[PDB]
Every structure is written in structure tokens, then in C-alpha cells.
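Here is the structure we will look at.
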Amino acid sequence: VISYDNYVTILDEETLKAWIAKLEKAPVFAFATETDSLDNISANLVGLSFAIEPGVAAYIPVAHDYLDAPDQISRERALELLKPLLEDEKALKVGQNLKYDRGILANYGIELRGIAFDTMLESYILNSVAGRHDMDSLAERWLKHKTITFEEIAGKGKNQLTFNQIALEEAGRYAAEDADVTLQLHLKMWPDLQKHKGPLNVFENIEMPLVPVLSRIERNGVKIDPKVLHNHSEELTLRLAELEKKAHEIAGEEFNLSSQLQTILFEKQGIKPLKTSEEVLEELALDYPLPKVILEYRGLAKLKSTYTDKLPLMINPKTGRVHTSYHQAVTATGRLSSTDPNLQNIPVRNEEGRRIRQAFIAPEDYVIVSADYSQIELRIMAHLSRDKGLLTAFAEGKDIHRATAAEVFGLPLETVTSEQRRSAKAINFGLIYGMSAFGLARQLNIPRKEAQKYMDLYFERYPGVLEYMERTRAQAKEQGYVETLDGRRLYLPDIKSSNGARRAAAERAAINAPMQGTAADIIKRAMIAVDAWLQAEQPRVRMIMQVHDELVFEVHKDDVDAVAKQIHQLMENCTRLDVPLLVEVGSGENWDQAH
DNA sequence: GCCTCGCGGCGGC
DNA sequence: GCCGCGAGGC
Ligand SMILES: [Zn+2]
């Protein structure tokens with residue numbers, strides 16, 4: 001197993017100073033933080049652990065307070081001896097999700113500075129789709145070492161012990177083993193990473209410097225107005241009733257129900273539909289009423305609970321603000337998923353979604369400033385296909401949907417019917433998602449091979465797009481992956497799936513990911529760029545959220561004119577300067593007003 | 001306290 | 001590409 005004889009628990013200053021001297025001369029050192037809660041802003045540090053060499057790791061208890069607990073170094077002293085090591089940029093620390101550890105250390109006025117290697121990210125940059133990137137999983141994968149899962153030394157459920165209650169030597173067993181494994185994992189992964197500059201560059205210059213900016217954004221969080229949501233909740237209740245009523249105008253009783261089960265699904269028999277919702281029961285049809293009205297219902301109920309009713313319950317008591325959680329190593333293409341307030345999931349073009357964005361308030365004398373990337377994936381696609389047509393559309397500011405419509409439908413720009421710009425929009429966005437022709441016919445759902453004819457007309461006027469496409473489908477099967485403009489690799493194991501039906505999903509994915517991924521890398525770079533500028537100049541502005549391509553700030557009303565200008569300089573410049581970039585900036589007293 | 005289906009999650013303690 | 005939480009039958 002692992003226990004009390006491996007790692008040392010440091011309960012006295014003399015030993016601690018000895019360990020600091022060796023940390024001062026180590027090339028890189030690991031390190032962990034042990035707390036009494038996962039809330040990075042309300043958690044109290046309970047102990048730390050460091051490992052300098054496989055097997056050589058120790059635990060330092062500072063705040064264990066159970067019945068009759070042994071005397072320990074105080075948190076204050078342990079930290080004042082550890083602080084200069086912790087803030088020394090020349091001291092390269094290694095850890096598993098060092099964003100947490102940065103936040104906790106930030107709570108004591110300590111700015112963690114040697115954030116050199118984060119194992120969870122090395123895993124993610126090594127292979128995005130390889131599997132779960134949590135340490136227990138990396139331990140079985142990279143080292144076949146079954147670790148001590150947290151649940152063992154703390155218990156499960158309600159009477160789960162928090163770390164400070166857990167006995168000094170058991171705590172030590174987990175925390176020091178953690179520190180040690182983290183280091184061994186770094187020792188396996190960093191070599192492989194160094195192999196080939198694509199991935200290594202993303203790690204070195206996007207992924208790792210982003211970690212402390214993500215701890216800043218979460219700890220800033222957002223200010224929300226619980227009143228506005230409550231009004232929209234009463235209203236959402238009302239609206240559900242109609243659906244309930246409108247839903248029932250298309251049928252039925254009977255009911256016991258609602259809500260799912262055999263009750264709504266019953267009608268798949270007599271309300272003659274083809275035959276687990278959102279999904280199946282393709283109403284992709286105008287009528288039948290049942291798989292249409294109950295979808296309008298599920299959607300607003302969702303909206304109601306998930307946002308309108310949960311957002312008021314998530315205000316942090318210490319800050320009076322909501323702190324969304326950004327997960328850096330979870331999506332397959334390189335994007336950031338926000339959870340708890342999952343900003344990505346609030347509907348952009350919907351009337352009930354525009355109310356939610358109104359709840360996000362700018363504090364007194366501050367306004368919300370939004371900076372969004374103007375359809376960057378199409379500008380990225382334009383850059384990946386070397387198609388002079390698309391390049392020029394963007395060069396002289398032509399609305400690409402209308403210019404594309406003028407070429408595809410062979411007609412003068414000035415007279416483009418809006419009826420044609422829509423058909424041009426569908427195709428254009430289609431190619432970004434690697435839309436398999438029928439995809440167009442089902443998105444712009446009403447034509448058949450007319451879409452096929454459309455694709456022909458677009459590729460004849462824009463050959464570069466399918467040049468791009470074939471080249472990508474090629475390197476996809478060939479190498480087993482596709483890379484973004486900087487080197488991020490999506491590994492596609494099923495591109496060669498021996499006609500495994502949706503092997504073609506990997507083909508789609510192959511054309512999709514380079515665009516999604518380069519956009520993602522571009523935003524991360526912009527984030528790093530802006531944050532840097534904030535840490536140096538410290539203007540009255542805080543970066544409060546990031547979602548889908550826009551970055552939301554909270555700039556002081558007086559300073560907005562220069563700040564919106566700086567964002568405009570930073571973002572479309574020290575980012576992917578080889579793509580033609582446009583960032584739209586808005587200001588309003590709330591997120592939607594700034595949109 | 002128990003089972004199955006449907007939507008939103010995956011790190012850190 | 002696999003796990004969880006929450007609702008409805010019960
Ligand atoms: Zn930890």
C-alpha cells in the first residue's frame with residue numbers, strides 16, 4: 001500500500017527550514033495543498049505536501065483540529081517560512097491542478113509563482129481523448145499505481161470528514177503519496193511531451209501560463225441580481241402553464257405525470273410518429289404537436305431550474321458574488337467548459353435567454369464590457385483554405401454571408417435578397433461543422449439534392465475550402481490526428497474505424513476540430529495577453545467571465561473609453577496575428593445590454 | 001429504499 | 001467516449 005514510513009509529516013520549524021533549504025536548491029519541486037473545502041475562495045488551508053524525489057515526500061500538518069490532535073506548526077509560521085520559496089519564480093513547482101493550489105495560497109496573500117508543470121494538463125496536451133485526466137486515473141494509466149482515493153481517508157456521504165478532522169498520519173499518507181505520484185507522473189509525461197514541438201508549444205505557451213489567469217477569473221466571479229431572476233421565474237411558471245395548455249391543445253389526457261415515461265411516449269403509438277428526448281421522435285416536422293410543445297416545455301423548465309432558480313442559490317457568502325467553474329482539461333477540441341453557472345449553455349438568440357443575461361449586473365460605477373470574436377471560425381477557415389475569394393471578402397469588410405450569397409447565387413451584392421443570405425449562412429456554418437451535405441438539407445430543412453447543387457456551386461467558386469477539406473481528411477487517416485494552427489493535436493482513433501458506421505463522425509471531427517481548436521487557442525492567448533496587461537498596469541477593470549469567443553470585463557465607467565481600446569489592441573493582435581481579426585466591444589450596465 | 005430514462009458532468013478537497 | 005442527479009414510476 002503506502003503509509004506512515006514513506007513520507008514525513010513536518011511538525012516543527014527546524015525540520016521545515018531544513019526542507020526549505022533543499023527546496024531552494026532543487027531544479028523543480030512538486031507540491032500540494034490540503035484544505036477544508038473545495039470552495040477555492042472559502043477554503044482554509046489544513047496542510048501542504050512536497051516531494052523532491054520518488055519516495056521522498058513529506059506532509060506538514062498546520063490546522064488539524066480533532067479531539068486531542070497533536071501539536072503542529074501554526075499555519076502562519078509554516079507559511080512565512082514557505083512563502084519566499086512559494087513566491088520564487090525560479091522555484092519550478094509541479095502539481096495536479098495547480099489552479100486550486102494558487103487560489104488557496106492567494107487567500108493568505110501568497111502569489112504562487114513557479115507554476116511550471118501541471119500534470120493534469122500534461123495529460124490533456126498529451127492526449128485529449130485519452131481518458132479522464134484526474135490523478136487517480138493518471139496513476140493507473142501512467143504508473144499502474146492504485147492511489148488512495150480521497151473517499152477512503154475521509155469517508156463518503158454526509159458524515160464525510162473534512163481534512164482537518166482526519167488523523168495526522170492518515171492525512172499524511174494521502175497527501176504525501178499525492179505529491180510523490182504527481183512527481184513520478186511528471187517524470188513520465190514531460191519527456192514524451194518534449195518530443196515534438198506542436199503539443200509542447202501549446203503546453204509551454206498557452207496551457208500553462210493560462211492556469212493562474214483561470215484562478216483569477218473564478219475568484220473574481222460575477223455579480224448577479226437575484227431580483228430579476230425571481231420575476232422571470234414567476235413568468236416562467238406562467239409560460240409553462242400555456243405549454244401545458246398548448247401541449248394539451250394537441251391532446252389527450254390521461255395523467256398521472258408529467259413532467260418522463262410511458263405517459264408522453266404512450267402517444268408515439270396513436271400520434272403516429274416514427275420510433276428519450278431532445279433526441280428521437282423527429283418532429284423535425286412542423287406539427288406533430290406532442291414532440292414539439294413538450295420540447296418547448298422541457299426547455300423552459302430546464303432554463304427555470306438550472307438558471308433562474310439555481311443562480312440565486314449560488315451567491316458566495318464571502319463575496320456576495322457567483323463564482324463559475326472553468327475546467328481547463330475537459331473538452332476534446334481545446335475549449336473551456338464553464339460549469340455550475342454554465343455560461344456556454346445559456347441561449348444566445350432566444351428571448352428567454354436574453355433575460356438571463358440581464359441578471360448579470362455590473363457593480364456601482366462599473367459597466368460590463370464585452371469583447372467578442374467576430375465569427376472567427378470562418379475567418380480561421382478562410383485562413384486554412386488559402387481561398388483568395390474568402391480572404392478578400394474579409395479584406396474589404398464584406399458581410400461574408402452576403403458576399404458568399406452573391407458568388408454562389410451569381411448576383412450583384414447590392415441586390416442580395418435576405419432570402420439568399422440565409423441559404424448562404426446555412427452552407428457557410430455547415431462547412432465549419434464539417435456538415436455532411438444532408439446536414440444542410442436537414443438544417444435548412446426543406447430541400448433535397450438542391451443542397452448538393454449548392455455545395456457544388458460553393459466549392460466551384462471556393463475550391464480552397466475542399467482543398468483544405470481533402471488534405472485534412474487525408475492527414476486524419478494517415479497520422480491518426482489533426483493539428484490546429486499552433487500545434488494542438490486532436491487524436492482521431494476511429495477515422496480508420498473499419499466501416500464502423502459513424503467512423504464518418506471522425507471525418508467530420510477531423511475537419512471540425514482544426515477550426516474549433518484554433519479558435520480556442522486564439523481566445524486563450526487573448527486571455528493571457530489581457531491578464532498580463534492587467535497585472536502590470538492594474539486599471540480599474542476585472543475579467544469576470546469567458547464564454548464561446550467573448551471575454552466579459554467589468555471596467556469602471558470613467559475609464560471605459562481607454563480600456564475598450566486596450567482590449568481592442570491586445571486581443572486582435574498579440575494573439576494569432578496571421579488571421580484577419582475583428583473584435584466587437586460593447587458596454588452596458590449588464591451582460592445583455594453590453595451584447 | 002429501489003429502478004429506468006432523460007440532461008448536464010468530467011479537475012481540486 | 002462513461003458517470004451522476006434528479007424525476008416518475010413505484
Ligand atoms: Zn489535491
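Labeling convention for the C-alpha cells: chains A, B, ... as they appear, residues from 1 per chain, ligands from 1 in order of appearance.
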Query raised in the report: Contacts of segment 249-256 of chain A at 10 Å or less, counting only C-alpha atoms (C1' of nucleotides), minus same-chain residues fewer than 2 places along, as a list in words?
Result: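 Those residues are residues 242, 243, 244, 245, 246, 247, 258, 259, 263, 264, 267, 271, 287, 288, 289, 290 and 293 of chain A; 8 and 9 of chain C.
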Using only C-alpha atoms (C1' of nucleotides) and all ligand atoms, which residues of chain B come within 10 Å of ligand 1, and what is the closest atom pair for each, with the distance in Å to one decimal? Give it as CSV, sorted by chain and residue number.
```
residue,atom,partner,partner_atom_place_in_ligand_line,distance
B:11,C1',ligand 1,1 (Zn),9.4
B:12,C1',ligand 1,1 (Zn),5.2
B:13,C1',ligand 1,1 (Zn),6.0
```
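Contacts from chain A to chain C at a cut-off of 9 Å (only C-alpha atoms (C1' of nucleotides)) map to residues 129, 131, 257, 258, 259, 260 and 261 of chain A.
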Query - 7 Å contacts from chain A to chain B using only C-alpha atoms (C1' of nucleotides), as a list in words - result: residues 34, 35, 36, 37, 38, 97, 100, 134, 276, 277, 327 and 330 of chain A
List the neighbours of residue 16 of chain A out to 12 Å using only C-alpha atoms (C1' of nucleotides); skip same-chain residues closer than 3 positions along the sequence, and give me the result as a PDB file with N, CA and C atoms, in the first residue's frame.
```
ATOM      1  N   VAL A   8       7.317  12.090   5.254  1.00  0.00           N
ATOM      2  CA  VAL A   8       7.491  12.608   6.594  1.00  0.00           C
ATOM      3  C   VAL A   8       6.455  13.672   6.852  1.00  0.00           C
ATOM      4  N   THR A   9       5.895  13.752   8.040  1.00  0.00           N
ATOM      5  CA  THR A   9       4.957  14.815   8.334  1.00  0.00           C
ATOM      6  C   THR A   9       5.770  15.872   9.073  1.00  0.00           C
ATOM      7  N   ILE A  10       5.805  17.131   8.692  1.00  0.00           N
ATOM      8  CA  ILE A  10       6.644  18.067   9.397  1.00  0.00           C
ATOM      9  C   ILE A  10       5.860  18.842  10.432  1.00  0.00           C
ATOM     10  N   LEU A  11       6.160  18.583  11.697  1.00  0.00           N
ATOM     11  CA  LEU A  11       5.511  19.236  12.803  1.00  0.00           C
ATOM     12  C   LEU A  11       6.410  20.234  13.525  1.00  0.00           C
ATOM     13  N   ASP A  12       7.579  20.619  13.004  1.00  0.00           N
ATOM     14  CA  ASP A  12       8.405  21.602  13.700  1.00  0.00           C
ATOM     15  C   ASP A  12       9.210  22.428  12.737  1.00  0.00           C
ATOM     16  N   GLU A  13       9.400  23.690  13.099  1.00  0.00           N
ATOM     17  CA  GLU A  13      10.148  24.663  12.314  1.00  0.00           C
ATOM     18  C   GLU A  13      11.526  24.284  11.863  1.00  0.00           C
ATOM     19  N   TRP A  19      13.917  21.573   5.108  1.00  0.00           N
ATOM     20  CA  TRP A  19      13.251  21.258   3.874  1.00  0.00           C
ATOM     21  C   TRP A  19      13.230  22.448   2.937  1.00  0.00           C
ATOM     22  N   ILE A  20      13.092  23.674   3.417  1.00  0.00           N
ATOM     23  CA  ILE A  20      13.085  24.836   2.544  1.00  0.00           C
ATOM     24  C   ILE A  20      14.451  24.987   1.872  1.00  0.00           C
ATOM     25  N   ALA A  21      15.545  24.700   2.598  1.00  0.00           N
ATOM     26  CA  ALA A  21      16.882  24.808   2.055  1.00  0.00           C
ATOM     27  C   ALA A  21      17.015  23.813   0.969  1.00  0.00           C
ATOM     28  N   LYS A  22      16.516  22.599   1.122  1.00  0.00           N
ATOM     29  CA  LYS A  22      16.645  21.720  -0.014  1.00  0.00           C
ATOM     30  C   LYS A  22      15.718  22.067  -1.180  1.00  0.00           C
ATOM     31  N   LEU A  23      14.573  22.706  -0.918  1.00  0.00           N
ATOM     32  CA  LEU A  23      13.648  23.126  -1.979  1.00  0.00           C
ATOM     33  C   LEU A  23      14.290  24.240  -2.805  1.00  0.00           C
ATOM     34  N   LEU A  48       0.147  21.054   3.827  1.00  0.00           N
ATOM     35  CA  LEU A  48       0.693  21.017   2.491  1.00  0.00           C
ATOM     36  C   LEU A  48       1.611  19.796   2.390  1.00  0.00           C
ATOM     37  N   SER A  49       1.986  19.363   1.184  1.00  0.00           N
ATOM     38  CA  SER A  49       2.951  18.295   0.965  1.00  0.00           C
ATOM     39  C   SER A  49       3.882  18.591  -0.213  1.00  0.00           C
ATOM     40  N   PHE A  50       5.104  18.120  -0.136  1.00  0.00           N
ATOM     41  CA  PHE A  50       6.089  18.361  -1.162  1.00  0.00           C
ATOM     42  C   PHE A  50       6.795  17.060  -1.445  1.00  0.00           C
ATOM     43  N   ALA A  58       6.940  14.491   1.961  1.00  0.00           N
ATOM     44  CA  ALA A  58       6.585  14.661   3.367  1.00  0.00           C
ATOM     45  C   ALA A  58       5.279  15.402   3.553  1.00  0.00           C
ATOM     46  N   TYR A  59       4.654  15.384   4.713  1.00  0.00           N
ATOM     47  CA  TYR A  59       3.430  16.128   4.901  1.00  0.00           C
ATOM     48  C   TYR A  59       3.632  17.079   6.070  1.00  0.00           C
ATOM     49  N   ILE A  60       3.088  18.273   5.985  1.00  0.00           N
ATOM     50  CA  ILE A  60       3.250  19.251   7.028  1.00  0.00           C
ATOM     51  C   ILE A  60       1.862  19.588   7.528  1.00  0.00           C
ATOM     52  N   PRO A  61       1.396  19.146   8.700  1.00  0.00           N
ATOM     53  CA  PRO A  61       0.081  19.468   9.211  1.00  0.00           C
ATOM     54  C   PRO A  61       0.225  20.819   9.858  1.00  0.00           C
ATOM     55  N   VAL A  62      -0.764  21.703   9.647  1.00  0.00           N
ATOM     56  CA  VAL A  62      -0.773  23.026  10.269  1.00  0.00           C
ATOM     57  C   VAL A  62      -2.109  23.338  10.898  1.00  0.00           C
ATOM     58  N   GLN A  72       1.049  21.067  16.186  1.00  0.00           N
ATOM     59  CA  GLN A  72       1.549  21.233  14.824  1.00  0.00           C
ATOM     60  C   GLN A  72       2.108  22.627  14.646  1.00  0.00           C
ATOM     61  N   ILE A  73       2.884  22.854  13.597  1.00  0.00           N
ATOM     62  CA  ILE A  73       3.380  24.196  13.313  1.00  0.00           C
ATOM     63  C   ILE A  73       2.138  25.055  13.034  1.00  0.00           C
ATOM     64  N   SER A  74       2.071  26.332  13.397  1.00  0.00           N
ATOM     65  CA  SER A  74       0.879  27.095  13.062  1.00  0.00           C
ATOM     66  C   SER A  74       0.877  27.441  11.591  1.00  0.00           C
ATOM     67  N   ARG A  77       3.185  30.534  10.722  1.00  0.00           N
ATOM     68  CA  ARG A  77       4.633  30.358  10.672  1.00  0.00           C
ATOM     69  C   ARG A  77       5.056  29.489   9.500  1.00  0.00           C
ATOM     70  N   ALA A  78       4.317  28.388   9.293  1.00  0.00           N
ATOM     71  CA  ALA A  78       4.628  27.455   8.230  1.00  0.00           C
ATOM     72  C   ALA A  78       4.637  28.241   6.953  1.00  0.00           C
ATOM     73  N   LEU A  79       3.614  29.064   6.767  1.00  0.00           N
ATOM     74  CA  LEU A  79       3.546  29.900   5.595  1.00  0.00           C
ATOM     75  C   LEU A  79       4.644  30.949   5.552  1.00  0.00           C
ATOM     76  N   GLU A  80       5.035  31.633   6.629  1.00  0.00           N
ATOM     77  CA  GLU A  80       6.073  32.639   6.458  1.00  0.00           C
ATOM     78  C   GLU A  80       7.431  32.042   6.183  1.00  0.00           C
ATOM     79  N   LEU A  81       7.628  30.769   6.498  1.00  0.00           N
ATOM     80  CA  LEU A  81       8.876  30.142   6.132  1.00  0.00           C
ATOM     81  C   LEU A  81       8.777  29.640   4.689  1.00  0.00           C
ATOM     82  N   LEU A  82       7.604  29.151   4.302  1.00  0.00           N
ATOM     83  CA  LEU A  82       7.356  28.644   2.963  1.00  0.00           C
ATOM     84  C   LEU A  82       7.135  29.698   1.900  1.00  0.00           C
ATOM     85  N   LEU A  85       9.832  30.648  -0.773  1.00  0.00           N
ATOM     86  CA  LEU A  85      10.050  29.587  -1.736  1.00  0.00           C
ATOM     87  C   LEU A  85       8.870  29.601  -2.687  1.00  0.00           C
TER      88      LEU A  85
END
```
Query raised in the report: atom CA of residue 479 of chain A and atom CA of residue 497 of chain A, how far apart in Å?
Result: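 So the two atoms, atom CA of residue 497 of chain A and atom CA of residue 479 of chain A, lie 13.8 Å apart.
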